[PDB]
Number of protein chains: 2
Amino acid sequence: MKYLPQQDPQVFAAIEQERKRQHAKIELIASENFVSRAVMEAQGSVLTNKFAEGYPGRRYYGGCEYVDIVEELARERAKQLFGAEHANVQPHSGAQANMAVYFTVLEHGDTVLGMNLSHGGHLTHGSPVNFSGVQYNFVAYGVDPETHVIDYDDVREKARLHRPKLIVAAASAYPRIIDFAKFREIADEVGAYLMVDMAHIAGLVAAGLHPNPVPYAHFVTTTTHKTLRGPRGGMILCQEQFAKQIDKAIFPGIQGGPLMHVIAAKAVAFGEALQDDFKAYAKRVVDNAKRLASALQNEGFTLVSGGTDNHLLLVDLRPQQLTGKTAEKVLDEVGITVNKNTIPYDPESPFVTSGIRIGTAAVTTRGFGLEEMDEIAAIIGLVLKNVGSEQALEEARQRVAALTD
Amino acid sequence: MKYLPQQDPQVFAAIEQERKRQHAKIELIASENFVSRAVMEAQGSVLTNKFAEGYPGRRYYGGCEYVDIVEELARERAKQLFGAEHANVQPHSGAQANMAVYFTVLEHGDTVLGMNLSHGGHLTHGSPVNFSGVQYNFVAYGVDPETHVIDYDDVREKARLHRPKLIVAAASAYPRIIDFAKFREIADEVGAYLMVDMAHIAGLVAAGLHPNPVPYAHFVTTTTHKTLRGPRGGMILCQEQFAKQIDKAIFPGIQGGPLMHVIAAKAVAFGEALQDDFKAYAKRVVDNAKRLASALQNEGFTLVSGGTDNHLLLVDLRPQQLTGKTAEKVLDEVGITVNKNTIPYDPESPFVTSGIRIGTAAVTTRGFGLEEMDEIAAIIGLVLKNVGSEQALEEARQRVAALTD
Ligand SMILES: *Cc1c(COP(=O)(O)O)cnc(C)c1O
Ligand SMILES: *Cc1c(COP(=O)(O)O)cnc(C)c1O
């Protein structure tokens, strides 16, 4: 940086602390990643200066010839990546992408069927403290109490009983592949739209490592960050039949001016995801997750669903008589970043939990492989088995430091 | 830029076109500005990598010690600038800031009183194609048909008749000072909350050149871009009594993860606005607007309200028998960027209009002064009086080129 350090010492000092933190810590929060310098440069561009309400070639303000090229690059590359008939790259966030789809197809009070939030569903899939559960009538389907896999018969029974106008599939804490064909079959049976929120798994979908929801869903929402490794923001994919409505829901429905610099960054990240090396990256993410899962089981830990099909795993800490909160706190002391997470049928509150959620996307981006996964598992074992031993925690701290160099 | 040009030639080429466009054109769109290199550097930072749901010292994820410092810098500086009891710097946009306030105090179907959209009100103040008019029952107050000043007796009569739960003041196309004391008096009479959306005038408010809504309003919403000259995004200011509710409305109510890099950029822009030279800048904005207004009147143009108290003016093109659409198009041909804008009681549709809206914030940022205002007025006169003369338009083009160098 050249201008920020002189203009704003306080902000610069805090940014520099954050940069050093990102390097020093082991980032295992499953939604986290590190974007490329190219992506950041696009976000740091003069495109922040442009008001571009509307869409490419159909803007409400003049002077948009070049931002149109950028937005179209983002839309076309997204269509290449995911095979969707239409893309909308303007959502400010995953939350706003979801908001717009709900705005498109639902009226206030309509019934919507989503994944149980305590079983892996997202806040925007019907939390009573979120606009989703306040604005619409959410009902929930669950995972099996033993296998922790979505119970598709439960999805079906809930859909037939409650007659939702919309069914939502996808999750922020579900470690197995989701069967979109089955969701669509159930949707079809009850005459419901199907929305898939692929935010967590979008990079995996792009790399052909998770089945693609696009062919099965009327609407697919996503973040551009997370496994897709782009800037923070949202995107909607859909069939051409809903394109006009989706575009209108975003603007003038729920947003104003788009963030053209972030859209530039989205185009860049989509460019990166189209490359062969991104596919290799994503395979290493899933390989690392599988390895870390097996290594954790070797250390004596129980995993929700007994492992993982994707980038993420959930540790059921009940056998160790620990809460997620305790584990998260002690791991923080040694430089490992996880989050407490409810496990299915958790006897604890969402503020305490019986679990921790772990993902490999971030550590894979920094070049960690199988050997590093074994060592991360060994460190986690050392820490969680010796929570009252400062000797053990210092050893962990040193081993964490060895990994991040 | 160092990495973007190699990684993504297509995106880089389009960005470079946009950068050159920003320099070559005369930007008169009243909401536009140019941010500092420091602001852009903050937006281009590694803070995009951080998930920070929640608030400083009350986050739902670990590792937020440094982004907390950044967000608190933004909140404290905003409180210094505007004298508010509480700031929320997380809204992704002006639209989301408004969305959150509505979410805080209103139920679906509640009556809200806002400025007539054709008289200067914003899309988010009750457009039937926007979430505001779909979700709530909007009624409108108007400006006087002659003076084009808000009719405060109309505000009062509408409030007494319709009994709104919320009254909204502020505008995207209103060239005079808004009397917040009078709005609050009317709000008090009918037991309505008062919300002021100061997006357009926020930089002027910060510089003491427009009366501050904070002392009079329960809630103040704003963009951080526009006259405030920050990155694109939103902010909510409010009394401490509503702080908890406002924070909860933003998250977990309407958004997910905040954009911490944009929040850094917000802190930077607030730092800049606190400086003496920003105050001098803002005075030049208003001085330039007054000068440009008078110079346009000298060229024979009629202005809505007969002039301006702020950064913006509206030309009533009816005396020249032109639509806003025609004027906007021809000005675009010579390198002057305006927008068509409805004038109060416009006989034309919002897609055609009888007006153009013009603001001086952007040209002032690039160092234009009174002499430049006279010349911009002279060029606009030359063009709009000779729409069928290619000779005249080429002369205009050359004079525009002389100004931008
Ligand atoms: C992260 C996430 C979101 C929300 O994205 P934000 O950008 O944080 O609003 C929505 N759905 C799922 C499944 C997510 O993981
Ligand atoms: C620009 C504006 C908004 C919306 O801000 P976005 O960031 O474009 O959503 C809201 N209110 C007023 C008065 C505005 O001028």
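These numbers come from the heavy atoms of this one structure, side chains and all, not from hydrogens, waters or symmetry mates. Every chain is numbered from 1, with letters handed out A, B, ... down the list of sequences.
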*Asks:* Could you tell me whether A:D8 and B:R77 make a salt bridge, using a distance below 4.0 angstrom between a side-chain N and a carboxylate O?
*Replies:* yes
*Asks:* What is the distance from atom CD1 of A:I358 to atom CG of A:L331, rounded to the nearest 0.5 Å?
*Replies:* 7.5 Å
*Asks:* For a quick check under 3.5 Å, do B:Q275 and A:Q7 share a side-chain donor-acceptor pair by atom type?
*Replies:* yes
*Asks:* Would you say A:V338 and A:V315 make side-chain contact, with heavy atoms under 4.5 Å?
*Replies:* no
*Asks:* Can you name the closest pair of heavy atoms from B:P56 and B:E72 and give their distance?
*Replies:* CB-OE1, 3.9 Å
*Asks:* Keeping the roles fixed (side chain from B:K2, backbone from A:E41), state whether a donor-acceptor pair exists under 3.5 Å.
*Replies:* no
*Asks:* So, A:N288 versus A:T360: side-chain donor-acceptor pair below 3.5 Å or not?
*Replies:* no
*Asks:* Once you round to the nearest 0.5 Å, how far does CG of A:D287 lie from CE of A:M373?
*Replies:* 10.5 Å
*Asks:* Stepwise, does the side-chain contact (heavy atoms from CB on, under 4.5 Å) test hold for A:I15 with B:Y66?
*Replies:* CA-CA 7 Å; A:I15 288 174; B:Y66 314 116; over 6 Å; no
*Asks:* Take a 6.0 Å sphere around NZ of A:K325 and say whether it holds more than 12 heavy atoms from other residues, nucleotides or ligands.
*Replies:* no
*Asks:* Please report the C-alpha distance between A:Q17 and B:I69 in whole Å, then the side-chain angles of each, then the deciding distance to 0.1 Å, and finally whether the side-chain contact (heavy atoms from CB on, under 4.5 Å) criterion is met.
*Replies:* CA-CA 10 Å; A:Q17 289 170 302; B:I69 292 161; 3.9 Å; yes
*Asks:* Which heavy atom of A:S118 sits nearest to which heavy atom of A:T342, and what is that distance?
*Replies:* O-OG1, 3.2 Å
*Asks:* Are B:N49 and A:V35 side-chain neighbours, meaning at least one heavy-atom pair lies under 4.5 Å?
*Replies:* yes
*Asks:* Taking NZ, NE, NH1 and NH2 as the nitrogens, is one of them in A:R19 or A:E16 under 4.0 Å from a carboxylate oxygen of the other?
*Replies:* yes
*Asks:* Measuring from A:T222:OG1 to A:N98:CG, what's the distance to the nearest 0.5 Å?
*Replies:* 9.5 Å
*Asks:* Which distance, rounded to the nearest 0.5 Å, do you find between the CZ of A:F368 and the CZ of A:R291?
*Replies:* 15.0 Å
*Asks:* Using a distance-only test with no angle check, is there a side-chain donor-acceptor pair under 3.5 angstrom linking B:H86 and B:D247?
*Replies:* yes
*Asks:* For A:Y281, is the NZ or CZ atom of A:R229 found under 6.0 angstrom from the centre of its six-membered ring and inside 45 degrees of the ring axis?
*Replies:* yes
*Asks:* Taking all atoms of both residues into account, what is the closest heavy-atom pair of A:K266 and A:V89, and its distance?
*Replies:* NZ-O, 2.7 Å
*Asks:* Give a yes or no on whether a salt bridge exists between B:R59 and B:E71, defined as a side-chain N under 4.0 angstrom from a carboxylate O.
*Replies:* yes
*Asks:* As an exercise, state the distance from OG of A:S31 to CZ of A:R357, rounded to the nearest 0.5 Å.
*Replies:* 5.0 Å
*Asks:* State, with a plain yes or no, whether a side-chain heavy atom of A:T223 is found less than 4.5 Å away from one of A:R232.
*Replies:* no
*Asks:* Heavy atoms only: give me the nearest B:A52-B:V67 pair and the separation to one decimal.
*Replies:* CB-CG2, 4.0 Å
*Asks:* Run the numbers on A:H148 and A:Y174 for ring-ring contact (aromatic ring centres under 6.0 Å, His included), then give the verdict.
*Replies:* CA-CA 9 Å; A:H148 311 129; A:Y174 185 62; 10.0 Å; no
*Asks:* Indicate the ring-plane relationship of B:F242 and B:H218, choosing parallel, tilted or perpendicular according to the 30° and 60° boundaries.
*Replies:* perpendicular
*Asks:* Is it true that a side-chain atom of A:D316 and a backbone atom of A:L303 form a donor plus acceptor pair closer than 3.5 Å?
*Replies:* no
*Asks:* Between A:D346 and A:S354, is any side-chain donor less than 3.5 angstrom from a side-chain acceptor?
*Replies:* yes
*Asks:* Do A:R399 and A:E395 meet the salt-bridge criterion of a basic N to acidic O distance under 4.0 Å?
*Replies:* yes
*Asks:* Rounded to the nearest 0.5 Å, how far does CZ of A:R21 lie from CD of A:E27?
*Replies:* 6.0 Å
*Asks:* Is the shortest side-chain heavy-atom distance between A:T124 and A:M99 below 4.5 Å?
*Replies:* no
*Asks:* Less than 4.5 Å apart, any side-chain heavy atom of A:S132 and any of A:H122?
*Replies:* no
*Asks:* So A:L259 and A:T48, do their side chains get closer than 4.5 Å, heavy atoms only?
*Replies:* no
*Asks:* Please walk me through it: do A:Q398 and A:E394 pass side chain to side chain donor-acceptor pair (under 3.5 Å)?
*Replies:* CA-CA 6 Å; A:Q398 287 176 27; A:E394 179 62 27; 3.0 Å; yes
*Asks:* Do we see a donor-acceptor contact under 3.5 Å between the side chains of B:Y55 and B:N88?
*Replies:* yes
*Asks:* Any idea which heavy atoms bring B:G54 and B:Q90 closest together, and the distance?
*Replies:* O-NE2, 2.8 Å
*Asks:* Would you please test B:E272 and B:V39 for side-chain contact (heavy atoms from CB on, under 4.5 Å) and show each step?
*Replies:* CA-CA 9 Å; B:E272 291 173 4; B:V39 162; 3.9 Å; yes
*Asks:* Below 30° counts as parallel, above 60° as perpendicular, anything between as tilted: where do the rings of A:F131 and A:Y102 land?
*Replies:* tilted
*Asks:* Looking only at heavy atoms, which two atoms of A:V268 and A:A42 are closest? And how far apart?
*Replies:* CG2-CB, 4.0 Å
*Asks:* Walk me through it: do A:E18 and B:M260 pass the test side-chain contact (heavy atoms from CB on, under 4.5 Å)?
*Replies:* CA-CA 11 Å; A:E18 174 54 20; B:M260 295 318 302; over 6 Å; no
